[PDB]
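Trainee: Next up is a structure, given as structure tokens.
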Amino acid sequence: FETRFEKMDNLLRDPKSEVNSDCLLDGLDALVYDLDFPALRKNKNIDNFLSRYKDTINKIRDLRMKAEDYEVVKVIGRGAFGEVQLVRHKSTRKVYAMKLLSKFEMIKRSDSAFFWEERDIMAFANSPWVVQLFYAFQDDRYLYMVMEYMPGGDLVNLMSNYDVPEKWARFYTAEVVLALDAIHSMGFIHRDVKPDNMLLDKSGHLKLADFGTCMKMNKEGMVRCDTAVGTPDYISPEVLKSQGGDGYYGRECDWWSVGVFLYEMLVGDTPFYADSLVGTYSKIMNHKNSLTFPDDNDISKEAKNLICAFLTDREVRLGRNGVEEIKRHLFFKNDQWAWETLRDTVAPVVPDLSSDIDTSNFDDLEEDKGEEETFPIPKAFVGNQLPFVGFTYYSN
Amino acid sequence: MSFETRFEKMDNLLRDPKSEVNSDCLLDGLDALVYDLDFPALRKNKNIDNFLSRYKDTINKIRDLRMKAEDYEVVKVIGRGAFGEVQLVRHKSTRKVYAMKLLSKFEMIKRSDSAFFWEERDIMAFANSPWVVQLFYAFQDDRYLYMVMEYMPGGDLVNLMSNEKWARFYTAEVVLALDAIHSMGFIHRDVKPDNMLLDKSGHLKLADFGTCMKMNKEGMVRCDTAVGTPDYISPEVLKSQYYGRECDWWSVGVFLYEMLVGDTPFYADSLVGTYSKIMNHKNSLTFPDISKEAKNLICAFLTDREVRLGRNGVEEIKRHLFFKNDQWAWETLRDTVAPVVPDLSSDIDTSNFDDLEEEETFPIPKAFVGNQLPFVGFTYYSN
Ligand SMILES: O=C1N=CCc2cc(NC(=O)[C@@H]3CNC[C@H]3c3ccc(Cl)cc3)c(Cl)cc21
């Protein structure tokens, strides 16, 4: 008998659970949204409903972590679907990074399921290689993800403010080789590696920060996707031959992007850069060929033997099997850090921060709020809030 | 009004069963959506499908932990009403024995009103009185609402009248049970022997409340539709086409009368007449002779509203000579022993209840209707 009443409470507390405390609220909350347009109030049932809750709900909405609870500093970042912000928690004066996503856009645009994989990970990954999620929540307009601010900055920027020396390269490349094995180990392929997505903390050490692609591999390391993902200059061959329906790839693809990282980093441009993106397509599939190099050998035998081992055909890429083989590769041989400690050592660059909110590594932005799209008032039920039902996550 | 602040204010709402948003309420809404959406006709909506994707199965498991009606062993239909029926049953798990009335979510919508059960639930469950039947559990599914209440082997007080030191006892208890209600801020609006039940110890409680209405701070109510049973309804409730608790006493007189007499003090071959009967309470009031105290009570309740025993202060009804006695006292009446005691064979003796023998089911929708929305929050696990 008591095989249930016990099994129940788990579900109502387990942050991993789809129906935990804050989840069930999101559903009730959402109803209250997707029904309170008078056009529907014309339904006895619907009316009788809003009557009973409306007010309660409103109060519940005052207690739950609302966007107001945050003080907006400056637009640290912005993307297709939303933007990232630096904020101080107006109560506990804590300072986080808060990414907003557009419930609107994400409906208009074909896909609105990518953020699940992200939240789950950033929040539970628990690893200094992954940025950390502290809170998540929604209104009728946005999803908000509150995260460990990274005073450090993107690595695309560090390559716009330096001329990375091979030693620095080895170090950055190794952290990324590590950061990824983390995600790999959680049964996820990243699927959009690139500087854009590698940030630094107060101590000039790297984590990854967008998971806007992340997909979980099956029991045998693979995935059955069938639409390309990432960024032109990085994506791998497999994920272009992706084109429904033969897409069938594993870990390996995330290493290819690594090659492109390592490349752009020492060189200065992507290994498949093209004045016409459409060209970068051909380039990538000709990796065997297209792979040129600076006629000025300003680089290592070890760096090359690495890169052209990553930027090789999937069937045969460093790491096709075992991360080990990438690690014990010549290029990483050195004596200033060791795999099992790299992060404890001292990053090639350290944050020259003036304060807790030194947004100097981040190129200032205009800061338009609410400007974009607005959901239409419907003539009947559509349930626009239903696929964001469960997003909310408080913890610690 | 502060992070640490509201976050306190929140927990309450999730824990206090009087709250509309308690744990068990939340679920009902999440559960209800899953019902009113799962119809193929709608799953043709991107969002609506993607949604049932994410929950449907989860919820299905949650429906197996929650107190499902399966959890109970059906005994026999001890009761039956227009909107459903009452049943005796043993909790298949902990073999306990309760009285589980069912309501028809279907009929309750087809029938113009579906709000009356809230008063009931609230009362039966929070009353905390020997005077009110108690509610242990409440819950629902796509078809019925269920109320698990303390069984009453005793029986209805109209059945007792088919088998005055006796009447002064019953009438007293009813006078007391009812003051409980009023003090809760409720005016029952449907007294009758049908709604009066007796416990293992021949003591009475009230059982139906699908009528009760909360009086405003002025002890008054602003209704304008008649409810109850014909032979009982009071005059002011018929002219309803604003008042207060006094009308619940009128019924009290109607009980005392039929109790002593044999039939209602406004009976009619054609109920229709009973209407004008009650309106002419002054006249119509006939008489077969028993007590001078009985009479002085009766024709003090069956008086015009503006002047009825208990206009204000129900103590005056108490201090009316009819109650003068020496075998019980107000502040003990229940402790005494009842004029009748349950001669039960066991825990499930449905002897005092006459054994009793459509079946409409909701229409599949061609769009969102939300027929389960008005019963969202019913569910009530109590302790
Ligand atoms: O401190 C941060 N802490 C966590 C995550 C984070 C993420 C980002 N943003 C990005 O990593 C991407 C990469 N290039 C565009 C930028 C971006 C901005 C908004 C969206 Cl919606 C998507 C992507 C920034 Cl800047 C800072 C932080």
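Along the chain as shown, the residues are counted starting at 1.
For all residues, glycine too, the Cβ spot is worked out from N, Cα and C.
Copied straight from Swiss-Prot:
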BINDING   B:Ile78, B:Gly79, B:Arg80, B:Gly81, B:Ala82, B:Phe83, B:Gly84, B:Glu85, B:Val86, B:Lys101  ATP binding site
ACT_SITE  B:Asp190  active site, proton acceptor
Trainee: In angstrom units, rounded to an integer, how far apart are the Cα atoms of B:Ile78 (ATP binding site) and B:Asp190 (active site, proton acceptor)?
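Mentor: Between the alpha carbons of B:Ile78 (ATP binding site) and B:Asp190 (active site, proton acceptor) there are 21 Å.
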Trainee: Could you list the residues of the same chain, at least six apart in sequence, whose Cβ is under 8 A from the Cβ of B:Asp190 (active site, proton acceptor)?
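Mentor: Listed in sequence order, they are B:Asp208, B:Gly210, B:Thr211, B:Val227, B:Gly228, B:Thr229, B:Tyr232, B:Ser251.
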Trainee: Where the chain breaks for 3 residues between B:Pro288 and B:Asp289, how wide is that break in Å, taking the Cα atoms?
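Mentor: Distance across the unmodelled stretch, Cα to Cα, is 7 Å.
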Trainee: Per the record, ATP is bound by B:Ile78, B:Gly79, B:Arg80, B:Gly81, B:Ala82, B:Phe83, B:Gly84, B:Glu85, B:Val86, B:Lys101: how many Å separate the farthest pair of Cα atoms?
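Mentor: If we measure all Cα pairs in B:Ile78, B:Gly79, B:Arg80, B:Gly81, B:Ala82, B:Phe83, B:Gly84, B:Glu85, B:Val86, B:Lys101, the largest is 15 Å.
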Trainee: So if I measure Cβ to Cβ from B:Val86 (ATP binding site) and keep only same-chain residues at least 6 apart in sequence, which ones fall under 8 Å?
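Mentor: Set apart from B:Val86 (ATP binding site) by at least 6 residues yet with Cβ under 8 Å, we have B:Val77, B:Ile78, B:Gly79, B:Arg80, B:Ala99, B:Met100, B:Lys101, B:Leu102.
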Trainee: Sequence gap of 6 or more, Cβ distance under 8 Å: name the residues on the same chain that satisfy this around B:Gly84 (ATP binding site), in order along the sequence.
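Mentor: Counting only residues 6 or more apart in sequence, the Cβ neighbours of B:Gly84 (ATP binding site) under 8 Å are B:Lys101, B:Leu102, B:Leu103, B:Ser104, B:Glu107, B:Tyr144.
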Trainee: Looking at Cβ-Cβ distances, which residues of the chain lie under 8 angstroms from B:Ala82 (ATP binding site) while being 6 or more apart from it?
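Mentor: Correct list: B:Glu107.
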Trainee: Across the 4-residue unmodelled segment, how far is the Cα of B:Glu357 from the Cα of B:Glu358, in Å?
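Mentor: Across the 4-residue gap, Cα separation reads 13 Å.
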Trainee: Could you tell me how far apart, in whole Å, the Cα atoms of B:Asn163 and B:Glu164 are, given that 4 residues between them are missing from the model?
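Mentor: Cα to Cα, the distance spanning the unmodelled stretch is 16 Å.
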Trainee: Identify, among the binding-site residues B:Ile78, B:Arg80, the residue whose Cβ has the fewest other Cβ atoms within 10 Å in this structure.
Mentor: B:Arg80
Trainee: To the nearest angstrom, what is the straight-line distance from the CA atom of B:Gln241 to the CA atom of B:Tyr242, with 4 residues unmodelled in between?
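Mentor: Those two Cα atoms are 10 Å from each other.
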